[PDB]
Structure formats: C-alpha cells, structure tokens
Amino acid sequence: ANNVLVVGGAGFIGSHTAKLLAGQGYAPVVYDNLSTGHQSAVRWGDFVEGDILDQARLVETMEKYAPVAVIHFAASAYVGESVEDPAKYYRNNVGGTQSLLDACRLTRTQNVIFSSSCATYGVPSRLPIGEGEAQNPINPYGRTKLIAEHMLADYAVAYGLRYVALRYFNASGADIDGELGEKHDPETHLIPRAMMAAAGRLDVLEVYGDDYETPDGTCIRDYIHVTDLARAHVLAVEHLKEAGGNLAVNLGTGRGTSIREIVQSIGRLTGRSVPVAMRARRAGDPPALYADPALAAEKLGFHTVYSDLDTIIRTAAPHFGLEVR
C-alpha cells in the first residue's frame, strides 16, 4: 500500500527521510537498533526496535508491513573507526546488508534504496567525480560500502531485486523548521565539530593544513543538506515504483566548500568565531573532493535546493548551541 521501511530510520539522515516520506503521503516504518540513533526521532510512523542482523525479526517486519520499498541507512559510518576496527564495519555493513537483502528476497520485498558513499571512489582522476570513475577505496568504510554495492548487483542478477544506490560525501544541515538534528556521540563530522567549538562545547577545532593547492589554502570537500538527501532517497523510491531501472548515482551540488569558508560562514551567521588550531597538512591528502551531480539530474530529475552553504549553516547552528543573527 504505502508503507516504506526505513532501516536506520532513527538516525540523522533516516529520520529526515521518514519525515519527508510522511509529508508525501507514505507511512514510514522505522527499523533501527538505536545503537547510534534515537527513539525520540521516530515521530512519523511505527517503530520496530531491532538489528538488521536479526534476520527473523527483519523478515517478520517485512511480512507485517509489506513495504513498497526499503531504504537502507543502517550502517557504521566512521572512517577512522574503520581503519582501527575493520571487524565492526565488515560485520555491520557487509553482514548486515546481506541479512537485509536476504530478508527482502525471501519476502518478495522488491525495491531497495541503498545509502552509499563517495568514499567508494577513493582518490579520483578528474574533478568533479563522475560515476564512471574507478572505485578504489582506501579504507574499510569505503571498502564495505563498495562491497554492498556489488552485492546489490549480484542479488539483482540472481533474485531480481531492484535498487538505487545513492553516493554522497558529507550530510549536513538540519530540517529547516528546527526540530530535527544531527545527534552523534562522539560527533566526528566537520561542520558539527566546528559549530560545537564556536559554541564552546569543544575547546578547539584542529584543522590539518592551510597550504593546500586551493584558493584559500584549506582543503575543499563536498557538502549536501540532509533535507536534499531525504528528497533524493524518496525520488529513488518513486523511480523504482514507476518501473525504473537499477541506478547508482552521485548526490551533491557539484561545487565544493573549503574549511575556511565554513568557519567564516559560522562566524558571520552566529557571531561566534571557531577557535581553529591550524596543524600541519598530512602528506597525500587531497586538496579537493566533490561529486558530479549530472547523472542524478538526468535519471531522477534531482537537483539540490537546500544545499547552499548559508542554508546548511543556518539550519544546523541552533542544534549546536549557536544562534542565527
């Protein structure tokens, strides 16, 4: 009917996507083990506490709700944690995804929207990064996201599963209306850390390098507003509903953002400066990484509409002890 199973739906991007689904008349059903997400963020439909590795419980859930699509956000997502603890990432991201895909095929639950990462590309050859770019990830996090992408392809071949894999770099901002935000502990993402530091919730923001080959010398990365991510994941649902073919596309603005720009923007919009501690650049670290969004525009009709820096900063700031002036 209109149930959409949002796996990992108690987390940052998943909860925003559940909110959006409900706005478009779907009934999001959240399946989440609350390991890093929050029960209080499940505000737009039913909640099933459970682990995606609990295959009986996941199958039971799919049988009860007969979802028209499954959106898979349920993963371990931290790069540095993945180098030191690869076990966690192979278990959650490869084992967990296989359990989810088995639950899907065994219940004839057909449409899977997979939240992937541009970390699958590793170091690229040209900028911006097109989907044709080789995928040579350089850490277990990127590795395990790539494995899930290929597992999706193999399950499509064998079982006729239909899917859209969505690749992006950095989820940012928060819901425009202010009641839903990014709550991680530890918080490892750049814009939240910079804001926490400006707010005095962190003492410093260590920034590694001011001598990159970039306009202001600080490194450039790719940021997309979480509401835009919600929009794309639901468009992906529509795509498969309308008998669309399997897809793997990048999500983003097509334009990068430097650390300096972010720090400057925060100081300007909140009146509080970020206490930056500039450290030596790490050798072999890329000056710029950002994705080519053209294919998503073509295949999904998707453009970002909330991912200007000012909107990202303005909507996130109130969640980290700052005020927009």
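Quick note: we count residues from 1 along the sequence shown, nothing fancier.
Annotation for 203-211 versus 175-183: the higher mean temperature factor (C-alpha) is found in 203-211. Look at the mean CA B-factor for 91-99 and for 184-192 in the entry; the higher one is 184-192.
The residue among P28, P67, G37, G271 whose C-alpha atom has the highest B-factor in the PDB entry is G271.
The entry assigns its greatest Cα B factor, within the set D292, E60, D46, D51, to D292.
Remark: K241 belongs to the highest third of its chain, ranked by C-alpha B-factor as recorded. When the modelled residues of the chain are ordered by C-alpha B-factor, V249 sits in the middle third. Annotation for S82: CA B-factor lies in the middle third of the chain's modelled residues. Per the PDB record, residue ranking by Cα B-factor puts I224 in the middle third of the chain. When the modelled residues of the chain are ordered by C-alpha B-factor, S15 sits in the lowest third.
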